[PDB]
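What follows is a single chain, given as structure tokens, in the form solved without this ligand.
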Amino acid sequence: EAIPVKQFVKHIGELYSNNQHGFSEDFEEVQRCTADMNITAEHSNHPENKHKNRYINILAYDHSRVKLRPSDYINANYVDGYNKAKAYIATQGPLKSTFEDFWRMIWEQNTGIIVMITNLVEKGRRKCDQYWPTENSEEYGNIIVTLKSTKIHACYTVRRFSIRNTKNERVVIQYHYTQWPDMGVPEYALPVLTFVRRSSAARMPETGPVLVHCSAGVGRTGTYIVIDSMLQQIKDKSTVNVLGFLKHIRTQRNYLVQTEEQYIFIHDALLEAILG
């Protein structure tokens, strides 16, 4: 049930009205929507991958999890884009003990772009281990990753890496969003629009899923995926279905778009885009 923009914009005023309870109501239904699908995640919970999960309750569904080739586990899922099956790999901030697994999946999965939407440390709390070399090279299993350049913008930074399996070379590019608030979401959807735009557009045409991560890899990660998917749907079709696309991707990884303030925020972003 795609709807045209006209009626999207025409009626969303409703959802924003009343302290936002409309959104709040659509989002609960979203909370309820995977409840009875007994969607398996036994690789996540298997006792000897326990320490590979940054958070004990944030898991990888079995059916869409990313398997490292032949100890094949990694807390990461394929998630669909807008007419691209498996457009993204949603993943948590890697840990010291998962850096190898993390770059191996990048190598193997052929991914060219990396979207990072957390700071390493936020408000005194650790969110993501530094999995890339701060300058020069560092080695993680069989992949040498090397920092070739850095560019810092107001709300995000671009690190261009060059990586190599030590058993061939690839330029990987990380877009790292750096001004996501301590609590909630940004105050202005604009800088996130521009971030989504440029990072989305760096996707070269014969490459693997774009890896997206934050801390748990669900919240801001999910919010990134809907904005960007809903934006392409709009260029191409002039329609949207934020609700029905959310319920589809929530079967591909748990809690995508963790909050209602984030859900709300997809909409500021999209509306701002439609009127920009």
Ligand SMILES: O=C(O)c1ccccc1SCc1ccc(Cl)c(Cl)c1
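Each residue number is its position in the shown sequence, starting from 1. For clarity, a rigid core is taken as the largest C-alpha set superposing within 1.5 Å between two forms.
From this point on, the text means the form deposited with this ligand bound, which you will not see here.
* Asked: Taking the pose of this ligand in the deposited complex and superimposing the site C-alphas, would you call this form open or blocked (blocked if 3 or more ligand atoms are within 2.4 Å of a backbone or C-beta atom)?
  -> The site is blocked here, because this ligand, transferred from its pose in the deposited complex, has 3 or more atoms within 2.4 Å of backbone or C-beta atoms.
* in the deposited complex, the one of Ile74, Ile114, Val185, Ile144 near this ligand [non-hydrogen atom within 4.5 angstroms] -> Answer to the contact question: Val185.
* To do: Could you spot which one of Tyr78, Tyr177, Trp107, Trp132 gets a heavy atom to within 4.5 Å of this ligand in the deposited complex?
  => Answer to the contact question: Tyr177.
* So in the deposited complex, does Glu261 come within 4.5 Å of this ligand, heavy atom to heavy atom? -> Yes, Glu261 sits close enough to this ligand in the deposited complex that at least one of its heavy atoms falls within 4.5 Å.
* Asked: Heavy atoms within 4.5 Å of this ligand in the deposited complex: does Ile89 have any?
  -> The answer is no: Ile89 has no heavy atom within 4.5 Å of this ligand.
* Distance check, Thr223 to this ligand in the deposited complex, heavy atom within 4.5 Å -> Within the cut-off, so yes.
* With a 4.5 Å heavy atom cut-off, would you call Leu211 a contact of this ligand in the deposited complex? -> Output for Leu211 is no: heavy atoms all beyond 4.5 Å of this ligand.
* Name the stretch, out of 146-154, 78-86, 186-194, 95-103, where some heavy atom lies within 4.5 Å of this ligand in the deposited complex. => Single hit among the candidates: 186-194.
* Asked: If you line up the core, which of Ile152, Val121, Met204, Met183 has a CA that moves 2 Å or more between the shown form and the other one?
  -> The one that moves 2 Å or more is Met183.
* Asked: Can a Cα shift of no less than 2 Å be assigned to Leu15 between the shown form and the other one, given superposition on the rigid core?
  -> Where the cores coincide, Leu15 shows only a C-alpha shift between the shown form and the other one that is less than 2 Å.
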